[PDB]
Amino acid sequence: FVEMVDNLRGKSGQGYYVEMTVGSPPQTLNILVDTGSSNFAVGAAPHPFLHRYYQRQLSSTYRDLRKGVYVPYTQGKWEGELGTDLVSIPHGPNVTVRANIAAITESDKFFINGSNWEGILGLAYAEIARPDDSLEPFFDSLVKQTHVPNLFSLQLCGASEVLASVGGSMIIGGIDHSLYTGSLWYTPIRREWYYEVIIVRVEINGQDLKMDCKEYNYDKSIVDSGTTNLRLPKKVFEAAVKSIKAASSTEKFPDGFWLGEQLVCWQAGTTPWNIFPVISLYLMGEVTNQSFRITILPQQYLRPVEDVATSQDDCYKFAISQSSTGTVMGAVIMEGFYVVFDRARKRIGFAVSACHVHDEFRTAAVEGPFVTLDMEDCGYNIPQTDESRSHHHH
Ligand SMILES: N#CC1(OC(=O)[C@H]2C[C@]3(CN2)C(=O)Nc2ccccc23)CCCCC1
Ligand SMILES: [Zn+2]
């Protein structure tokens with residue numbers, strides 16, 4: 001898997017992407033790696049934020065499926081035309097697949113200026129593909145058409161006129177032992193739609209937030225590489241920010257800082273990391289009544305941004321924010337860890353990443369087991385709409 005190491009790039013806060021080729025002859029494009037969605041979709045018409053885009057008509061192996069697709073996210077949306085073509089990952093497995101591709105013809109608040117990606121690779125399950133679960137996701141096609149094992153793993157590595165470059169690895173088809181240290185701990189995938197997990201306890205510097213554990217998973221908790229922040233349900237966000245504010249209270253920051261909308265700075269090299277607390281999320285274990293914890297540092301949840309004006313200073317953005325759509329374990333969380341998406345065994349593994357940023361006193365940690373007795377159920381059941389109910393599934 002050495003040829004897949006360091007195959008991801010991007011700008012801090014703007015997504016990690018992998019190079020792919022679509023079509024014959026191959027058109028090269030940079031594709032956002034997104035475990036929070038299930039479509040393969042590529043810019044296919046001019047846009048102010050795209051250098052280049054997919055030209056269906058220049059590919060001898062394109063086949064039009066004569067069907068449109070509309071995809072709205074909580075933030076951002078796009079539409080396009082469905083088809084299939086030949087697809088490869090140059091710094092990936094040595095194979096070519098015929099996959100579904102959505103050629104994006106219109107978009108809004110989707111493409112990111114300066115990000116250097118032109119599409120998205122949705123690595124989650126068919127159940128949330130658009131327009132429905134009969135549009136086979138890319139990874140499913142890869143596994144079906146080739147020998148590739150039904151697993152992939154992600155190592156996202158954290159960081160004056162441009163945002164910092166970042167690197168990572170997407171290991172397709174297995175696990176590379178150079179990318180982590182210590183033990184790999186797995187949490188069950190609750191349901192194969194998103195990569196949904198269950199958080200059973202949250203601590204901030206060793207202190208339990210003491211919420212009903214359903215609040216942590218209201219309305220779901222998911223691992224999404226394409227979400228940049230750690231995003232927490234309103235109630236949890238507010239408890240968490242109250243505790244982090246308390247720990248850091250020698251420093252009085254503006255409200256904008258805690259809303260993720262304003263940088264705070266210190267003289268080069270003098271950041272008082274030790275006044276910010278560690279956050280531990282306890283995830284359900286493979287064994288009943290077991291859990292293990294993943295522990296992240298302020299070096300993960302404070303994102304570095306070099307200020308054009310005060311470039312003499314180390315400045316940071318707060319990269320935890322409020323959610324109304326569940327807990328999202330985004331790139332902030334993932335930057336601590338080597339994360340194994342073990343679709344074959346319906347589980348997600350975490351180990352301490354060999355590239356996580358830390359300091360001389362504290363480290364991002366993956367530890368267990370921890371045991372409850374009569375561990376209550378922490379999962380939420382989403383209200384079922386008539387629209388959703390009426391769908392058939394043949
Ligand atoms: N909506 C949603 C969620 O994420 C997604 O659907 C994908 C697409 C994403 C980031 N991950 C998004 O949302 N906007 C956006 C914009 C550009 C690139 C990637 C994305 C996040 C909330 C919980 C459900 C899943
Ligand atoms: Zn029917």
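The first residue in the sequence is number 1, and the count goes up from there. Atom set for the values below is all heavy atoms of this structure, side chains included, hydrogens, waters and symmetry mates excluded.
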Next on the checklist: Under a 3.5 Å distance rule, please check whether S390 uses its side chain to pair with a backbone N or O of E387 as donor and acceptor.
Outcome noted: yes
Next on the checklist: Would the distance check show the side chain of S221 and the main-chain N or O of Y216 forming a donor-acceptor pair, the cut-off being under 3.5 Å?
Outcome noted: yes
Item to check | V328 reachable from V339 in the ILVMFWY side-chain graph, under 4.5 Å edges | outcome: no
Item to check | Between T372 and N289, a side-chain donor and acceptor under 3.5 Å | outcome: no
Checklist entry - How long is the gap from OG1 on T187 to CD1 on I294, to the nearest 0.5 Å? => result 9.0 Å
Checklist entry - For atom CD of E251, is the number of surrounding heavy atoms from other residues, nucleotides or ligands below 6.0 Å larger than 12? => result yes
Checklist entry - Can you tell me if CZ on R66 sees more than 12 non-hydrogen neighbours from other groups inside 6.0 Å? => result no
Checklist entry - Looking at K234 and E238, does any basic side-chain N land under 4.0 Å from a carboxylate oxygen? => result yes
Checklist entry - Quick check: does any side chain N or O of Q27 sit under 3.5 Å from a backbone N or O of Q55, one acting as donor and the other as acceptor? => result yes
Checklist entry - Out of curiosity, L263 CG to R303 CZ, how far, rounded to the nearest 0.5 Å? => result 12.5 Å
Item to check | hydrophobic_cluster_shared for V33 and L29, side chain cutoff 4.5 Å | outcome: yes
Checklist entry - Between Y380 and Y218, how do the two ring planes meet: parallel, tilted or perpendicular, split at 30° and 60°? => result perpendicular
Next on the checklist: If the threshold is 4.0 Å, N to carboxylate O, is there a salt bridge linking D212 and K235?
Outcome noted: no
Next on the checklist: For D386, is the CG atom crowded, meaning more than 12 foreign heavy atoms sit under 6.0 Å from it?
Outcome noted: yes
Checklist entry - Distance-only, no hydrogens or angles: does the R231 side chain make a donor-acceptor pair with backbone N or O of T228 under 3.5 Å? => result no
Checklist entry - Where is the tightest heavy-atom contact between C265 and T310, given as atom of each residue plus distance? => result SG-OG1, 4.4 Å
Checklist entry - In this structure, are over 12 heavy atoms from other groups packed under 6.0 Å from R345 atom CZ? => result no
Item to check | Residues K77, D108: salt bridge by 4.0 Å N-O rule | outcome: no
Next on the checklist: Could you check whether any side-chain heavy atom of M170 comes within less than 4.5 Å of a side-chain heavy atom of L123, counting everything from C-beta outward?
Outcome noted: yes
Checklist entry - Got a second to check how far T61's OG1 is from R56's CZ, nearest 0.5 Å? => result 13.5 Å
Checklist entry - If you draw a 6.0 Å radius around CD in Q312, do more than 12 non-hydrogen atoms from other residues or ligands fall strictly inside? => result yes
Checklist entry - Just by modelled atom types, is the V143 backbone N or O under 3.5 Å from a matching donor or acceptor in the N150 side chain? => result no
Checklist entry - Are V223 and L156 co-members of a hydrophobic cluster defined by side-chain heavy atoms under 4.5 Å apart? => result yes
Checklist entry - Do the rings of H356 and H358 sit parallel, tilted or perpendicular, given the 30° and 60° boundaries? => result tilted
Next on the checklist: So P277 and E203, do their side chains get closer than 4.5 Å, heavy atoms only?
Outcome noted: no
Next on the checklist: When you measure from the side chain of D255 to the backbone of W258, do you find a donor-acceptor pair of N or O atoms at a distance under 3.5 Å?
Outcome noted: no
Checklist entry - How about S107 and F49: do any of their side-chain heavy atoms sit closer than 4.5 Å? => result no
Checklist entry - In terms of ring plane angle, is the pair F292 and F350 parallel, tilted or perpendicular, where the classes change at 30° and 60°? => result tilted
Next on the checklist: Hydrophobic cluster membership, with links at side-chain heavy-atom distances under 4.5 Å among I/L/V/M/F/W/Y: are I31 and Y62 in one?
Outcome noted: yes
Checklist entry - Is the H392 ring parallel, tilted or perpendicular to the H394 ring (thresholds 30°, 60°)? => result perpendicular
Item to check | Nearest-0.5 Å distance, CD of residue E118 to NE2 of residue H51 | outcome: 7.0 Å
Item to check | Check: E335 and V357 side chains under 4.5 Å, non-hydrogen atoms | outcome: no
Checklist entry - Ring centroid separation for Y180 and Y338, is it under 6.0 angstrom? => result yes
Next on the checklist: Quick check on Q384: does its CD atom have over 12 non-hydrogen neighbours (other residues, nucleotides or ligands) under 6.0 Å away?
Outcome noted: yes
Checklist entry - So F337 and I296, side chain to side chain contact (heavy atoms under 4.5 Å, CB included) or not? Walk me through it. => result CA-CA 9 Å; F337 310 110; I296 68 163; 3.4 Å; yes
Checklist entry - Looking at the rings of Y125 and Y195, which for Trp means the six-membered one, are their centres under 6.0 Å apart? => result yes
Item to check | Heavy-atom pair with the smallest gap, counting every atom of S38 and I128 | outcome: OG-CG1, 3.2 Å
Checklist entry - Can you tell if the side chain of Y194 reaches within under 4.5 Å of the side chain of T35, non-hydrogen atoms only? => result no
Next on the checklist: So, taking the atom named CG in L179 and the one named SG in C157, what distance separates them when rounded to the nearest 0.5 Å?
Outcome noted: 8.0 Å
Checklist entry - Run the side-chain hydrogen bond (donor to acceptor under 3.5 Å, both in side chains) check on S37 and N39 step by step: do they pass? => result CA-CA 6 Å; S37 59; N39 280 78; over 6 Å; no
Checklist entry - For the residue pair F111 and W117, does the interplanar ring angle fall in the parallel (under 30°), tilted (30 to 60°) or perpendicular (over 60°) class? => result tilted
Item to check | Heavy-atom side-chain proximity of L65 to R63 below 4.5 angstrom | outcome: no
Item to check | Mutual orientation of the aromatic rings belonging to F237 and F318 [parallel < 30°, tilted 30-60°, perpendicular > 60°] | outcome: tilted
Item to check | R343 vs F152, side chain to side chain contact (heavy atoms under 4.5 Å, CB included): CA-CA, chis, key distance, verdict | outcome: CA-CA 8 Å; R343 300 160 54 107; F152 69 89; 4.1 Å; yes
Checklist entry - If you take all heavy atoms of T327 and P233, which pair is closest and at what distance? => result OG1-CD, 3.0 Å
Item to check | Note: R98-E136 ion pair, threshold 4.0 Å (strictly below) | outcome: no
Item to check | Worked check of side chain to side chain contact (heavy atoms under 4.5 Å, CB included) between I244 and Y301 | outcome: CA-CA 11 Å; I244 302 180; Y301 67 77; 4.1 Å; yes
Item to check | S323 side chain to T325 backbone, donor-acceptor under 3.5 Å | outcome: yes
Next on the checklist: With a 4.5 Å cut-off on side-chain heavy atoms, are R201 and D208 touching?
Outcome noted: yes
Checklist entry - Is it true that the side chains of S88 and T96 contain a donor and an acceptor less than 3.5 Å apart? => result no
Checklist entry - How far apart are the closest heavy atoms of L154 and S225, and which atoms are they? => result CD1-CB, 4.1 Å
Item to check | Side chain proximity check, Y53 to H47, heavy atoms < 4.5 angstrom | outcome: no
Item to check | Heavy-atom donor-acceptor pair, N30 side chain to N116 backbone, under 3.5 Å | outcome: yes
Checklist entry - Any chance the side chains of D132 and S134 put a donor and an acceptor closer than 3.5 Å? => result yes
Next on the checklist: Using modelled atom types and a 3.5 Å cut-off, is there a donor and acceptor pairing between side-chain atoms of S169 and backbone atoms of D6?
Outcome noted: yes
Next on the checklist: Are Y282 and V332 connected into the same hydrophobic cluster when the rule is that any two of I, L, V, M, F, W, Y join if their side-chain heavy atoms are below 4.5 Å apart?
Outcome noted: no
Next on the checklist: Could you measure the distance from the CD1 atom of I171 to the CZ atom of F1? Nearest 0.5 Å is fine.
Outcome noted: 7.5 Å
Checklist outcome for this item: The side-chain contact (heavy atoms from CB on, under 4.5 Å) partner of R190 among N217, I198, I222 is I198
Next on the checklist: side chain to side chain contact (heavy atoms under 4.5 Å, CB included), that's the test. Do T270 and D314 meet it? Break it down for me.
Outcome noted: CA-CA 8 Å; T270 73; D314 298 341; over 6 Å; no
Next on the checklist: Strictly distance-based, threshold 3.5 Å: is any side-chain N or O of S291 a donor or acceptor partner for the main-chain N or O of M284?
Outcome noted: no
